[PDB]
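Before any questions on binding or motion, here is one chain by itself as structure tokens, the form deposited in one PDB entry.
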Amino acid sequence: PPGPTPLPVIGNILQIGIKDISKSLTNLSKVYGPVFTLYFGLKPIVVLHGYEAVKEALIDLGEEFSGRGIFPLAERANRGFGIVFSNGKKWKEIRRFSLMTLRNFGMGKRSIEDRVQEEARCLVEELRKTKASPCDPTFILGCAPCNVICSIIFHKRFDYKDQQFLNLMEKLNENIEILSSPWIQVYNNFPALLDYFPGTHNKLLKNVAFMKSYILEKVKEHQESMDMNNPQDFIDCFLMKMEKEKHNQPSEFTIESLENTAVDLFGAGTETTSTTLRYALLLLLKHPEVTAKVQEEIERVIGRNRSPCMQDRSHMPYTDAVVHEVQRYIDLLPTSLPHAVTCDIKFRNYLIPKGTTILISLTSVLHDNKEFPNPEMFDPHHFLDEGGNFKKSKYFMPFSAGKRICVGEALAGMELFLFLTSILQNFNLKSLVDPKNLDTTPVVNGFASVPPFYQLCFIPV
């Protein structure tokens, strides 16, 4: 399986660098084809580039490519596996459980949707506190997705001033800061350095364990007041899954694994949604024509009176296109999360041995030159036909694809749709640095893009 010849100890780092590694992968694909080999120091990585290879692996050999693969830093920073990093029956069975409970009406009288709607009108209330004055939305937008997960795991959101909530928030955001430092790919190239610089990974381990404790005291309060035959949140359903398993007791569901699945949901369920929303508003500032068009659909379909809901989305194609086009443009997980093969397998006639790490290039699919003609340009017509109707694409994979597809695809769709429409129904976004100037080009470091810093005022309508 071809690829550039790597140097003695520094792997392929001269060829890919430490900057925008997804761009380097596209360039390498131009010379080695859609299936190349790449060395992260001494570790052999198969990269899959265009749609055809990604679809052929993740969908057609779905089981064979179902494995999760772990780079050095994550290996050291993770004590205990839940869902994101699990493999085999542990992953198969917890993931299955989690999707069950993440369905709209999958645990109690309260739906996921009602959770997201409650959050939407609190999000709006807090933005109303900003008194139409310049503000960095990073924090407020960060709280809403975290709080949806709080409500899903604990039945009950927290006021945004609740100190339980701010600690969990502080702990989650610090993990995102540590993890966005450019010299994180330096660890994956030279893992020896983890020992010589353990600051990173010790801070991750300390933060996770803080969160694990907090959750533990939560599942205790649950074990106490828990009504079987009447589960109301994630913890309840897990606790009672433990009872239906307490007999045949090898057993994948335990207090350890619930803590682990819980921290994952918080980590996987906060950062990406938060950034997508922050980036959405940035783009809505830059392109006010687009914003004006979304507001016409809101006044027409939903009033100014009631609150949005999911049934409204089928009747709002432009807004569905904007949401779709934010996710595709911004390409927040350029190489999703590293995959790994389940056994020795010939792929496009190449032979790839069991447990070999795979990087899926989601960028190559999301920014396919042909499906999306100006792919590095923000344009909702990418998902509209000549009438105003919504136009699906099989190249829309920001949640990846196949057997490891984001467990929260639906939830994220609800959050994005309901928080964005809720914000634009209630406010007009005013820029302070004038649309024309401000730059919306992703700041990329390794496998993580983020918008540049901006401010805006939320002026009520």
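Note that residue numbering begins at 1 and tracks the sequence as displayed.
Higher mean CA temperature factor between 159-167 and 361-369: 159-167, per the PDB entry. The PDB entry reports B-factors from which the mean C-alpha value can be compared for 407-415 and 32-40; the larger average falls on 32-40. Going by the entry's values, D344 shows the largest Cα B-factor out of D114, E325, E271, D344. Out of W183, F390, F234, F210, it is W183 whose C-alpha atom has the highest B-factor in the PDB entry.
When the modelled residues of the chain are ordered by C-alpha B-factor, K293 sits in the lowest third.
Annotation for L25: C-alpha temperature factor in the middle third relative to the rest of the modelled chain, per the entry. When all modelled residues of the chain are sorted by CA temperature factor, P137 is found within the lowest third. In this PDB entry, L265 carries a Cα temperature factor that places it within the lowest third of its chain's modelled residues.
Among the modelled residues of its chain, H381 has a C-alpha B-factor that falls in the lowest third according to the deposited record.
As for the form solved in complex with a small molecule, it is not shown, yet the points below apply to it.
Across the proposed site, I184, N188 and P338 without exception bring a heavy atom within 4.5 Å of the small molecule in the deposited complex.
Residues with any non-hydrogen atom within 4.5 angstroms of the small molecule in the deposited complex fall in just one of 242-250, 285-293, 298-306, 71-79: 71-79. For the options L359, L281, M107, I235, the residue carrying a heavy atom within 4.5 angstroms of the small molecule in the deposited complex is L359. Think of it this way: in the deposited complex, the small molecule has a heavy atom of just one of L141, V84, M316, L127 within 4.5 Å, and the residue is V84. Although the partner is absent here, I345 is not a contact residue: none of its heavy atoms lies within 4.5 angstroms of the small molecule in the deposited complex.
Under a 4.5 angstroms non-hydrogen atom cutoff, the small molecule in the deposited complex lacks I255 among its neighbouring residues.
In the deposited complex, no heavy atom of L216 sits within 4.5 Å of the small molecule.
The small molecule in the deposited complex comes within 4.5 Å of a heavy atom belonging to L179.
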